[PDB]
Amino acid sequence: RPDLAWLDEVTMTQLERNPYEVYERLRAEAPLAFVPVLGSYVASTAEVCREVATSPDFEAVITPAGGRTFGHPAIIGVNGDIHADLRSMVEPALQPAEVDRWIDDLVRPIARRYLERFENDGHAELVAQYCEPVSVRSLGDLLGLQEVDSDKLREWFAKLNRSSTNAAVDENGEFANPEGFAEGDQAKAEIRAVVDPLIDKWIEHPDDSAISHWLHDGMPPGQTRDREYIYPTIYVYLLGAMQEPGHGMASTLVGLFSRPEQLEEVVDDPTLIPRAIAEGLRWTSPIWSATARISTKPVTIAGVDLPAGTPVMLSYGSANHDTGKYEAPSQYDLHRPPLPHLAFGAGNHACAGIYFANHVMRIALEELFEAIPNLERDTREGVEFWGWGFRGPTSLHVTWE
Ligand code: HEM
Ligand SMILES: COc1cccc(OC)c1O
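Residues numbered from 1 in each chain as written, not as in the entry; some residues may be left out. Chains lettered and ligands numbered in written order. Heavy atoms only, no water. Residues with missing side-chain atoms left out of burial classes, pairs and counts.

Peer 1: Give a detailed account of the overall build of the protein chain, specifying residues and quantitative values.
Peer 2: The helix and strand tally for the protein chain stands at 15 helices and 12 strands. In terms of overall dimensions, the protein chain is globule-like: its C-alpha atoms have a radius of gyration of 21 Å, near the 21 Å expected for 401 residues. Summarising its shape, the C-alpha atoms of the protein chain cover approximately 60 × 60 × 40 Å along the three principal directions. Within the protein chain, residue pairs in contact and separated by at least 24 positions form 70% of the contacts whose partners lie at least 6 positions apart. (Helix = DSSP H or I, 4+ residues; strand = E, 2+ residues; numbered from the N terminus. Rg over C-alpha atoms; globule rule 2.2 N^0.38 Å. Contact = heavy atoms within 4.5 Å.)

Peer 1: Help me get a handle on the site of ligand 1, residues and values and all.
Peer 2: Taken together, 26 residues surround ligand 1, and among them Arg 87, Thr 291, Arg 293, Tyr 316 and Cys 351 come closest. In the model, an oxygen atom of ligand 1 is placed 2.8 Å from a nitrogen or oxygen of the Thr 291 side chain. A distance of 2.8 Å is found between an oxygen atom of ligand 1 and a side-chain nitrogen or oxygen belonging to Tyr 316. In this structure, ligand 1 is accommodated by the largest cavity. Listing elements by their share of the shell around ligand 1, those giving two or more residues are α5 (80–90), α11 (227–257), β5 (291–295) and α15 (354–371). Among the elements that make up the shell around ligand 1, the one with the highest residue count is α11 (four residues). Of the residues belonging to the shell around ligand 1, the class tally is 18 nonpolar, five polar and three charged. (Near = heavy atom within 4 Å. Polar contact = N/O pair within 3.5 Å; in protein donor to acceptor, adjacent residues only side chain to side chain. 1 Å grid on protein atoms, 1.4 Å probe; cavity = no way out; pocket = protein on both sides within 12 Å on 5 of 7 lines; lining within 4 Å. Sits in = over half its atoms within 2 Å of the grid points. Nonpolar A, V, L, I, M, F, W, Y, C, P; charged D, E, K, R; others polar.)

Peer 1: An account of the site of ligand 2 is requested, with residue identities and associated values reported.
Peer 2: Contacts to ligand 2 come from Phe 70, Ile 76, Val 236, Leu 239, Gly 240, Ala 241, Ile 287, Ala 290, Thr 291 and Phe 390. Contacts to ligand 2 include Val 236, whose backbone N or O atom sits 2.6 Å from an oxygen atom. Take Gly 240: an N or O atom from its main chain is 3.0 Å from an oxygen atom of ligand 2. Burial of ligand 2 by the surrounding chains reaches 85%, relative to a free accessible area of 310 Å². By residue number, the principal contributor to the shell around ligand 2 is α11, which donates four residues. (Areas by Shrake-Rupley, 256 points an atom, 1.4 Å probe, with all protein chains shown as cover.)

Peer 1: Explain the coordination of the iron atom of ligand 1 residue by residue, including any values.
Peer 2: For the iron atom of ligand 1, the protein contributes exactly one donor atom, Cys 351 (SG), at 2.4 Å. By secondary structure assignment, the location of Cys 351 is in the loop between α14 (316–319) and α15. (Donors = N, O, S within 2.8 Å, 3.2 Å for Na, K, Ca; no water.)

Peer 1: Could you give an account of the packing of aromatic side chains, naming the residues involved and the relevant values?
Peer 2: Under the criterion given, the structure shown has 11 aromatic pairs. Here the aromatic rings of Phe 118 and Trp 400 are separated by 6.4 Å at their centres, their planes lie at 65°, and the arrangement is edge-to-face. Of this pair, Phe 118 sits in the loop between α6 (96–115) and β4 (123–125) while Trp 400 sits in the segment after β12 (397–399), placing them 282 residues apart in sequence. By relative accessible area, which is 1% here, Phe 118 ends up buried. On the basis of relative accessibility, which here comes to 9%, the residue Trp 400 falls in the buried class. Ring geometry for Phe 175 and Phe 181: centres 4.8 Å apart, planes at 75°, overall edge-to-face. (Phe/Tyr/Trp six-rings, centres within 6.5 Å; stacked < 30°, edge-to-face > 60°. Buried < 20%, exposed > 50% of the residue type's maximum accessible area, 1.4 Å probe, protein only.)

Peer 1: Hey, could you go over the environment of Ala 302 for me, with residue numbers and the actual values?
Peer 2: Along the chain, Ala 302 turns up in the loop between β6 (299–301) and β7 (304–306). Judged by its relative accessible area of 47%, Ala 302 falls in the partly exposed class.

Peer 1: How would you summarise the sheet that holds β12 if you had to cite specific residues and measurements?
Peer 2: Strand order across the open sheet formed by three strands is β4-β12-β9, with antiparallel pairing between neighbours. Edge strands, defined here as strands with exactly one partner in the open sheet, are β4 and β9 (376–377). Relative to β12, β4 runs antiparallel, the two sharing three bridges. Looking at the pairing, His 123 lines up with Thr 399 of β12. Its contacts with the sheet put helix α7 (residues 126–143) on β4 and β12, and the angle it makes with β4 is roughly 65°. (Pairing = 2+ DSSP bridges. Axes fitted to C-alpha atoms, helices over the stretch in contact; angles between N-to-C directions.)

Peer 1: So, empty space enclosed by the protein: which residues are in play, and what are the values?
Peer 2: Of the volumes computed, that of the largest cavity is approximately 860 Å³. Around the largest cavity sit 41 residues that line it, and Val 236, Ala 241, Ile 287, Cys 351 and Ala 352 are the ones nearest its centre. When residues of the lining of the largest cavity are traced back to their parent elements, those giving at least two are α4 (64–70), α5, α11, β5 and α15. The biggest single contributor to the lining of the largest cavity is α11, with seven residues. Taken together, the residues of the lining of the largest cavity sort by class into 27 nonpolar, 11 polar and three charged. As a volume, the second largest cavity reaches approximately 40 Å³. Together, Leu 38, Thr 63, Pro 64, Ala 65, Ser 164, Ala 167, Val 169, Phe 175, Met 313 and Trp 388 line the second largest cavity. A per-class count over the lining of the second largest cavity returns eight nonpolar, two polar and no charged. (Points joined across faces, edges and corners; volume = space filled by probe spheres on them.)

Structure, rendered in structure tokens:
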């Protein structure tokens, strides 16, 4: 596409540090565009993302670096009968009525546990000390990984993050940085060493943990799903399910700090926390561009005639700054009207844990503002956001009296 020759000069590093400038151009110039360094078409607007995600002429496909990292059958990358089975496998503990039965007793004590370590220090780095630990500990306990230290869970999602977003390709469409997959392989090897003994145990002695239910639910008597069949979805969980609620909380905090009167309102009136989180998810989408669909027949989208078999990456983080939908989208605004957003995706492969994730983020922020209501950002330290596939702040230094 000749007028997009400037896309040839876009680098992976640039997209990781800040993708919003490139994607603002894409939204205006080519809502569906082939990005050479990513080796793929990408959808940048809300209209195109939603259309691709819900179209009957498209089905799920894993991103190339996602597939190299997760293998088969990752719930995000399969369709038909296998997807239906994996959806019914993960859905019971995520059902709203079920979450409402125990989410409070799960997350609130965990939030208190981590707050107690620093709430009187007067200084903290909330990503490492609060947002990520609460996120991984809550889901870890739900999964049956109580004995896996929160530092380990955080290290796993960081390595799987970097591996699955190791997307750069060279002039011949080959992965430019194949060594970047090695730490994804190392994380998987460690996960196998830890989780395989637990699966051995759950096969014979099922309990209340989610993974035990993944092995047993809906199976003939005495039978379990093969572990190779469920491991890629375990990996999917140990990346995005572990990582995203922590990044959603932190981005919401960074956005509130950017609007000090709005932060005061939320501390004064914690019933506004769910609305603050929804704006946070739109403002810096935790899953920014990590999933994709592939066309199953010839289709025309945003004026581009796509052949069958064409992958399209869904850059929901860009769709969420669509100026056809939002005014001044790069500005966090609690009082934006409650409009649809794509931070949870859309269609048959839309996020399965929305209700759970929203409560995890809500409860964590509630307990934070109660313990430290004079929270202030440490304006001596800058907040840098990182990631093209998954995006969030690398740290969040705060102070208080
Ligand atoms: C703030 C937190 C979260 C955000 C923003 C988020 C966002 C997303 C997005 C954008 C997708 C891809 C949707 C698409 O391709 O159309 C996805 C998929 C998924 N998420 Fe969430 N997620 C979050 C937390 C969680 C949690 C905590 C869990 C599990 C407890 C979870 C389970 C899943 C599953 C199973 C899928 C795959 C759905 C499928 O392909 O059928 N997510 N998520
Ligand atoms: C590419 O990896 C992922 C994509 C979307 C969601 C995930 O976890 C829920 C995830 O681990």
